[PDB]
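Here is the structure we will look at, set down as structure tokens.
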Amino acid sequence: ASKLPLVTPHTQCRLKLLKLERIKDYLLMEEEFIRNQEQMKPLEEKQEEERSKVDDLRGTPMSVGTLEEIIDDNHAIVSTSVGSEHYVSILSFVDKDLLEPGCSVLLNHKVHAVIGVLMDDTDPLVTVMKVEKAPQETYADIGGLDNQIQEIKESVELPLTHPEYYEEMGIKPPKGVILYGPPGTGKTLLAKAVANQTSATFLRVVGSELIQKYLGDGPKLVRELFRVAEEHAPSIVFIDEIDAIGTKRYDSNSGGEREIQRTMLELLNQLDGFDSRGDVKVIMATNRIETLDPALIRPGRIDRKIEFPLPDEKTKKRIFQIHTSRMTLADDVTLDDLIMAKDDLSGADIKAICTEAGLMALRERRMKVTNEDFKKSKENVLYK
Amino acid sequence: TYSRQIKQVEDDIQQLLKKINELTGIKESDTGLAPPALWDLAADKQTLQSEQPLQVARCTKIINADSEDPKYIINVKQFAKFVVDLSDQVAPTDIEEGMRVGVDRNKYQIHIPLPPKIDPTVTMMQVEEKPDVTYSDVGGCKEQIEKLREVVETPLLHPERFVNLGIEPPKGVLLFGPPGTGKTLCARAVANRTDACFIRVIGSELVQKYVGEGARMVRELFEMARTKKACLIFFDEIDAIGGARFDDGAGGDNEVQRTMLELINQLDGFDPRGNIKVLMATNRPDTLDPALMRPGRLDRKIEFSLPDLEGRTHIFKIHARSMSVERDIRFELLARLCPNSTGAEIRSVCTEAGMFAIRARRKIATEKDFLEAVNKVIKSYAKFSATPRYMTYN
Amino acid sequence: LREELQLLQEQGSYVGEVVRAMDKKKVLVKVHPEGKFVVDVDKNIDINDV
Ligand SMILES: Nc1ncnc2c1ncn2[C@@H]1O[C@H](COP(=O)(O)OP(=O)(O)OP(=O)(O)O)[C@@H](O)[C@H]1O
Ligand SMILES: Nc1ncnc2c1ncn2[C@@H]1O[C@H](COP(=O)(O)OP(=O)(O)OP(=O)(O)O)[C@@H](O)[C@H]1O
Ligand SMILES: [Mg+2]
Ligand SMILES: [Mg+2]
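Chains as they are written, first to last, in the entry's author numbering: chain B, 46 to 429; chain A, 40 to 433; chain C, 59 to 108.
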């Protein structure tokens, strides 16, 4: 039960013999120590006697109150659910430690004295923003990039899995990572691969839903966001499409662009607060890297800037090989004709043509996908 | 040789820990109680002694007294108001008007005065705790450090050299420059060195939903500032809390301006904060209102510019001292290669140049590793660079 | 028929709303107009049934 942290001898050596046999000595002494209590203590039982005595102190109508201050000599001002508030005292089975301003407590029904504290069932927004399971397959699903993969493992994964290199180097990891390029080139996809890979708690928020309809609710949402991200452990915060805070204007926003601006001010703090930040990693992505404020883009707030180019054809054929792997491909087709059909197709375009061609197969109930499926498929996808 | 013999005799005593730690009583993991072996002295006495003689004593708020007689006027949260009385255990001195007092439920009379309401979201931005940034780490801007530091701490550490000379030291100071120049990092050294209440304020936190709601946070802030002996108030990114009054037609951005005006009135006009020192920090100072720019509020106007050469070399000595390097490199060449750069950028060159040594297999970085850092961070990331339209502060 | 004039003198019964149960045969119940209460159960009611 969290008895001792020194576990380092690791082998059949004798620090373990003397030390594990030392707590073993004090557990023979502990067992025969407590053995005299059940041997020669018939006065009270104390396993439930004094427990039932506490349960006879506290009444059955256990009211739930709220903390707003603390005075140390076991009395404080607590608020009832009505709003009228008291100056009750605090019991001695209330282990004054989980008492913060705003905490849910248990009061008496009669004199409303502080009986116990209450575990919080938590805000649903944490479960809203928390990614639970692994999204999809690994980095082998990606293909073609092979350089920025080393960059992202370099900035995120290798600091996590090997915290030896940076200490023999005498260095800290690079802080901020941003992603940019043309749309549909794998920016979200690589983040799915990282969410597959890591063991840190992973958070994802769309940049569009940063904006609000009430005044200051944006920056309050940012503050409680980084509260949530900090209060866990070594985590990863992902933000997609942060240009959308600057591009579009919506009529739900009661403030103008001079509320969006203040939201960017509070975020601009929360990347680079004077406070000790902690073990929080930030991964950002957009396709309009030129629109936003470069004060958010400076090194110190974002260190590594990673461009995603359009696929060259050699890489394209690899992507065809990926998205046509487990499908019953008829031999009629030639992928090299399908490569140069569009000069600047994205990685999403290939998967769109493959899936839509499979839909053309399931129109005719067949099992293999033929050439004219691709011939009308590129007409369906590309041209409209 | 005793492979299982240390295994099972290890394991039955590691289990036999728990097999009598259930006989202790640590179990029945709670919903908010406490361990059984603790409060065991409020077991028969305070169970009948902090409960059965001890009351509830509901807390209230005073409206006013009246002359010649006690005959106080009470006020409570939702219910009505009464004519109330002292106890014998209190003097009629400290029952001043506008005060919270503890009041029994039956006779409705006053037992103890209370501290006033603080609105603990203001209490959240009391720092309680200090960072670790040393003035050693703020190299390159020594005269800015000195000209700041004589305003910040010298009256607080020595309130006699100003009295015996017969001057009142200045009370307000703002800090401004391009981003990443060491402004916030410079404030962390002040919060490191000082001792009084360091109450930070980030300006975007004051944007509230209701009308005039932020102004009450300003008022409570300066009230609990007045409660202390000496206090330091820190401000950050005050462009959000106000640029200037410009209004026309449909009244826009008014709610910010009322908060900024309340900040003006709390800074000057009718009884000065006294022993309260403020400290602002912005990116662009051009937008700020001139009545806020008036001295008596913003007496010191410390510039943060780019380091000339030697401040840069000193910053290389700061961010480069604690990493395994080739011994016979020079930093002066690198500071020749960085004309216009921040300490953040210099730090990123250092922390990147270590990663170049981490690329293949080495342990100590080289001069050409530094050269691989310079063209990347300066000249490959030179497309954005964030600095030039902030040099003109627009 | 005679018993009811005695039995109807009894006070009423409150309606509540279980949020979720916890340890040792207790639940967390919040009445619409009032606040949340930690109460126990009666012996004829099962926790999984709650
Ligand atoms: N290099 C690639 N290899 C395989 N598939 C790819 C590649 N690039 C993109 N894709 C496919 O394109 C789809 C869209 O990917 P993703 O959304 O990550 O691109 P994006 O640039 O993030 O798009 P957006 O710009 O809309 O955010 C993915 O499901 C992925 O399967
Ligand atoms: N003189 C300096 N010595 C050492 N490091 C510096 C110096 N100036 C800046 N830095 C580095 O730059 C980073 C940014 O510091 P700081 O947050 O104070 O920037 P700033 O001037 O407040 O601009 P911003 O408002 O954008 O943060 C710090 O992490 C620090 O490491
Ligand atoms: Mg995408
Ligand atoms: Mg700063």
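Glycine residues also receive a C-beta, built at the ideal position from the N, C-alpha and C atoms.
Item	Value
Looking at the structure shown, is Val-161(A) part of a helix, part of a strand, or coil, going by DSSP?	coil
When the cut-off is 8 angstroms and only beta carbons count, does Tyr-147(A) lie next to chain B?	no
Can you grab the Cα-Cα spacing for the pair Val-127(B) / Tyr-259(B), in whole Å?	27 angstroms
Examine ligand 1 and report whether any of its heavy atoms sits within less than 7 angstroms of the Cβ of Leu-427(B).	no
For the alpha helix (DSSP H) holding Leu-235(B), just list the boundary residues, first then last.	232-242
Figure out for me which residue from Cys-98(A), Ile-65(A), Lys-181(A), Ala-104(A) has the closest Cα to the Cα of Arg-144(A).	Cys-98(A)
Please tell me whether, using a cut-off of 7 angstroms, the distance from the CB of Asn-433(A) to the nearest non-hydrogen atom of ligand 2 is below it.	no
Where does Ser-387(A) land, buried or exposed, given buried means 16+ other C-beta within 10 angstroms?	buried
Residues of the segment 81-95 of chain C in Cβ contact with chain A at a cutoff of 7 angstroms, in chain order, please.	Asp-81
Within the structure, which residues are defined as neighbours of ligand 3 by a Cβ-heavy atom distance below 6 angstroms, reported in chain order?	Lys-232(B), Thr-233(B)
Starting from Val-109(B), find everything on chain C with Cβ-Cβ shorter than 9 angstroms and list it in chain order.	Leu-86, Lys-88, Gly-93, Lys-94, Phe-95, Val-96
Taking Cβ-Cβ distances shorter than 9 angstroms, what residues in chain A pair up with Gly-161(B)?	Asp-69, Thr-70, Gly-71, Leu-72, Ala-73
Note down, in chain order, each residue of its chain lying with its Cβ closer than 6 angstroms to the Cβ of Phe-274(A), except the 5 sequence neighbours on either side.	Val-240, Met-319
Is it the case that the segment 279-287 of chain B contacts the segment 210-223 of chain A, given that we only count it when at least three CB pairs across the two stretches are under 8 angstroms?	no
With hydrogens ignored, establish whether the beta-carbon of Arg-307(B) is closer than 7 angstroms to any heavy atom of ligand 2.	no
Let me see if you follow: with CB-CB separation under 8 angstroms, is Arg-60(C) close to chain B or not?	no
Please name the residues in the segment 295-313 of chain A whose beta-carbon is closer than 7 angstroms to at least one beta-carbon of chain B, in chain order.	none
Can you look up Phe-261(A) in the DSSP assignment and give me helix, strand or coil?	helix
May I ask which residues mark the beginning and end of the alpha helix (DSSP H) holding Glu-401(B)?	392-408
Along the chain, where does the beta strand (DSSP E) containing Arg-249(B) start, and where does it finish?	246-251
Less than 7 angstroms between the CB of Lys-222(A) and some heavy atom of ligand 6, yes or no?	This structure lacks ligand 6; its bound ligands are ligand 1, ligand 2, ligand 3 and ligand 4.
If you follow the alpha helix (DSSP H) that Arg-363(B) is in, where does it begin and where does it stop?	358-368
So the beta strand (DSSP E) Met-329(B) belongs to, where does it begin and stop?	325-330
Report all residues from its chain with a CB closer than 8 angstroms to the CB of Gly-282(A); omit the five preceding and five following residues, and keep chain order.	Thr-326, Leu-327, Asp-328
On the premise that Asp-324(B) lies in contact with residue 463(B), defined as a C-beta separation below 8 angstroms, what is that separation, rounded to the nearest angstrom?	Summary: the structure shown does not reach residue 463(B), with chain B confined to residues 46 through 429, and so no result is reported for it.
Since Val-250(B) and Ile-197(B) are thought to touch, with beta carbons under 8 angstroms apart, how far apart are those beta carbons, to the nearest angstrom?	Not a contact, Cβ separation roughly 19 angstroms.
Do you know offhand how far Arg-188(A)'s Cα is from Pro-334(A)'s?	18 angstroms
Using the Cα positions of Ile-187(B) and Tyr-420(A), report the straight-line distance between them to the nearest angstrom.	26 angstroms
Report yes or no: do the segment 264-279 of chain A and the segment 306-316 of chain A share at least 3 C-beta pairs separated by less than 8 angstroms?	yes
Just to confirm, is the Cβ distance from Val-201(B) to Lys-326(B) under 8 angstroms?	yes
Do the CB positions of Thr-352(A) and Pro-217(A) come within less than 8 angstroms of each other?	no
Verify the contact flag: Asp-140(B), CB atom, against every heavy atom of ligand 4, threshold strictly below 7 angstroms.	no
Taking 7 angstroms as the cut-off, is the C-beta of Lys-396(B) nearer than that to any heavy atom in ligand 1?	yes
Within the 8 angstroms Cβ cut-off, does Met-394(A) reach chain B?	yes
Taking Cβ-Cβ distances shorter than 7 angstroms, what residues in chain A pair up with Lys-350(B)?	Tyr-420
Assess contact between the segment 55-67 of chain A and the segment 111-119 of chain B, defined as three or more Cβ pairs (one per stretch) separated by less than 8 angstroms. Is contact present?	no
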